[PDB]
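2 protein chains.
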Amino acid sequence: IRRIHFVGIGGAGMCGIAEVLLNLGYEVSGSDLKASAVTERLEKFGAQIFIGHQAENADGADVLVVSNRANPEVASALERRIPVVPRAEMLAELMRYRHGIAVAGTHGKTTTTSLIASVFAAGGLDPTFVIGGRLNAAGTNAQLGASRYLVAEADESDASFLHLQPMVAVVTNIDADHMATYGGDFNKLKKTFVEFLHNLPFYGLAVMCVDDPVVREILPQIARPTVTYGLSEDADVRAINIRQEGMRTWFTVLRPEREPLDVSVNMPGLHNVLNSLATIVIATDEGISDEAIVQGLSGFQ
Amino acid sequence: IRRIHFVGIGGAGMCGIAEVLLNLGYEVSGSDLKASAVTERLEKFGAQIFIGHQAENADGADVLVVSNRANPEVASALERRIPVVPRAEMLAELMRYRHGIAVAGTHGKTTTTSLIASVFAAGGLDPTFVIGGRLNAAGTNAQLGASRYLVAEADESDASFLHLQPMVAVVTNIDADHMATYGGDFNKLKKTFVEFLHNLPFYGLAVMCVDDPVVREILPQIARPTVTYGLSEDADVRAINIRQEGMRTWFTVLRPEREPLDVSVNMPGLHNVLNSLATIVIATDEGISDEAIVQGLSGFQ
Ligand SMILES: CC(C)c1cc(Nc2nc(N[C@@H](CO)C3CCCCC3)nc3[nH]ncc23)n[nH]1
Ligand SMILES: CC(C)c1cc(Nc2nc(N[C@@H](CO)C3CCCCC3)nc3[nH]ncc23)n[nH]1
């Protein structure tokens, strides 16, 4: 099923997805009420761009991506049983094409994703990453999705949470913010994180913050390879000798079968220590050098 | 040493302290640049109020409390070797006269203090409490300090942190925010919390959140009676079956040798669950009924 049509393709949450789909070799079309430098760039990359809203624009589409069900393109598709997918659902689908790193947890997804992208780029890898629903690739010279790697926040309040297919998954922590997504029941919310980590392939990797008592409780249920991290004495990957020099936080990272590595980050708080530990677990498992880790962490603001 | 003089006694951080000192039977004087309803109320309660700044106002004072060392009252005192105490230092001194509950921890001091005050007032006790450096007594009909109980935030960045003399102390968590107070060294910061809890009398009580990995690490060093709390399976006082009904969070509190008690609070997040657990530990140790606990927790916004 080769042809994908975006209604409102100039939206800031929509153009990135189309660009990645163009990069994967799909035929991509889109409509929007006005031409912009965004549609122009998508056309330069191979997208067919309509500047009206009319049923004829939906012709030939195998799937629609939308972010108004009375809109005539959507109706024409619905009446023709063409699948109509929400933007968030197609975003999560992109992870199947790449080596996906899913950053889950109630808090710290945004920073931990940016740090991972920061270190991987220091290692030459130019990853694509998703913050706030936007596809990104810091300083890239290429179409979104060029990199083998795709780092993304994985929000448990998101309808697509359990349809991510990552190779590696972080769980920073598990809070009760989104109980209402799960019937108002924190125990139902914990069971979803267990199911989420079981979307990993058996060769995948789950990166678990055992400083969180709720992460620590579900850890023995995870039939996937795991590395634990935190300040806890029993974490696989730990931070010790936390210190401050200026607006910068220093600490020593302990890692199994490695010498201790002094790192530093420009952001205060134990939570950014933990964001950096999670990043260090990912980077190490992937084979990235200490120089890239050290540089990636200290480069970020 | 009976007579205490406040320079700038109309300040919002200063009038409360003078009022408590009046309530303890001290002679209290003060100066300020302008008469206000605050100075008027202090005069109605027995304070002598000067409306100028001049050395003669400092005459007879045994101690000064200030919040400008060129000010003539301070100079007259300094030249006369009269002690000159910062406002924060005299605030912490008040705890010696009462049954002091010190709410320490990097995060959650404000909410946990207000919840404790909320439950104690539900129990008829009309406590005085300190948020943000301000003495408070919700709906009281009395001078500040009338109650036997004084609940106060205990900030580890505060110069007076280690001169609190509480009967009971909470440690919600231990973060690195204030490393710069302690030479930029988190390990120096942890040692201070250990020393702080040892300001408790041997019959005192330390209430420790063992969900915090740093609290959990120093726990075995505390030669004082301790009750631990959190979601951890091994906490003395735990929250289980967390659920949501509207904008309200429900959970069941487990307590040693007590039946489980369903409580609820109007604020979301596991952190307010923990604030409520800490409050429930304090209230229970003090002998307060379930009705006051339940009412105190659900009354607060
Ligand atoms: C607050 C918000 C802006 C955030 C959080 C954050 N990161 C993380 N927060 C947490 N839990 C924290 C609760 O907020 C605290 C932090 C201190 C140690 C005790 C737990 N655990 C984590 N593990 N790995 C990453 C990560 N970044 N930004
Ligand atoms: C954030 C800020 C506005 C705050 C914090 C707060 N209270 C507490 N926070 C913490 N740590 C938290 C880090 O913020 C998290 C919360 C979730 C479980 C994992 C730890 N532990 C606690 N123990 N007792 C009270 C209390 N109230 N408000």
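Protein sequence lines correspond, in order, to chains A and A'. A prime marks a further copy of an entry chain. Throughout the first sequence, residue numbering follows the authors' numbering, covering 15 to 81, 85 to 318 in sequence. Throughout the second sequence, residue numbering follows the authors' numbering, covering 15 to 81, 85 to 318 in sequence. Each residue gets a CB set at the ideal place from its N, CA and C atoms; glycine is no exception.
For residue i, the three-state DSSP class (helix, strand or coil)
| i | result |
| --- | --- |
| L36 (chain A) | helix |
| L108 (chain A) | helix |
| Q160 (chain A') | coil |
| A119 (chain A') | strand |
| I18 (chain A) | strand |
| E41 (chain A') | strand |
| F210 (chain A') | helix |
| residue 83 (chain A) | No atoms of residue 83 (chain A) appear, because in chain A residue 81 is followed directly by 85. |
| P103 (chain A) | strand |
| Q238 (chain A) | helix |
| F59 (chain A) | coil |
| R265 (chain A) | strand |
| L271 (chain A') | strand |
| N71 (chain A) | helix |
| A51 (chain A) | helix |
| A197 (chain A') | helix |
| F219 (chain A') | coil |
| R86 (chain A') | coil |
| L179 (chain A') | helix |
| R98 (chain A') | coil |
One or two residues paired with residue i in a DSSP bridge
| i | result |
| --- | --- |
| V147 (chain A') | A':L152 and A':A169 |
| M225 (chain A) | A:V188 and A:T245 |
| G30 (chain A) | Answer by DSSP bridge pairing: none, since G30 (chain A) is not bridged. |
| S93 (chain A) | DSSP output for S93 (chain A) lists no bridge partner at all. |
| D202 (chain A') | A:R260 |
| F64 (chain A') | A':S45 |
Contact belief for residue i with residue j at Cβ below 8 Å, rounded distance in angstroms
| i | j | result |
| --- | --- | --- |
| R104 (chain A') | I31 (chain A') | 7 Å |
| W267 (chain A') | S281 (chain A') | 5 Å |
| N289 (chain A) | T128 (chain A) | 7 Å |
| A186 (chain A) | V224 (chain A) | 7 Å |
| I118 (chain A) | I133 (chain A) | 6 Å |
| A75 (chain A) | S45 (chain A) | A75 (chain A) to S45 (chain A), Cβ: 10 Å. No contact. |
| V80 (chain A') | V136 (chain A') | With 8 Å as the limit, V80 (chain A') and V136 (chain A') do not qualify as a contact, their Cβ atoms being about 35 Å apart. |
| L142 (chain A) | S164 (chain A) | 6 Å |
| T209 (chain A') | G125 (chain A') | Not really, about 18 Å apart at Cβ, beyond 8 Å. |
| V120 (chain A) | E57 (chain A) | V120 (chain A) to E57 (chain A), Cβ: 33 Å. No contact. |
| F317 (chain A') | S131 (chain A') | 7 Å |
| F59 (chain A') | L35 (chain A') | Actually they are not in contact, since the Cβ atoms of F59 (chain A') and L35 (chain A') sit about 10 Å apart, beyond 8 Å. |
Element boundaries [alpha helix (DSSP H), containing residue i]
| i | result |
| --- | --- |
| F137 (chain A) | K126 to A139 |
| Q312 (chain A) | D307 to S315 |
| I299 (chain A') | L287 to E303 |
Residue range of the unbroken beta strand (DSSP E) whose run includes residue i
| i | result |
| --- | --- |
| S281 (chain A') | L278 to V282 |
| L78 (chain A') | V77 to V80 |
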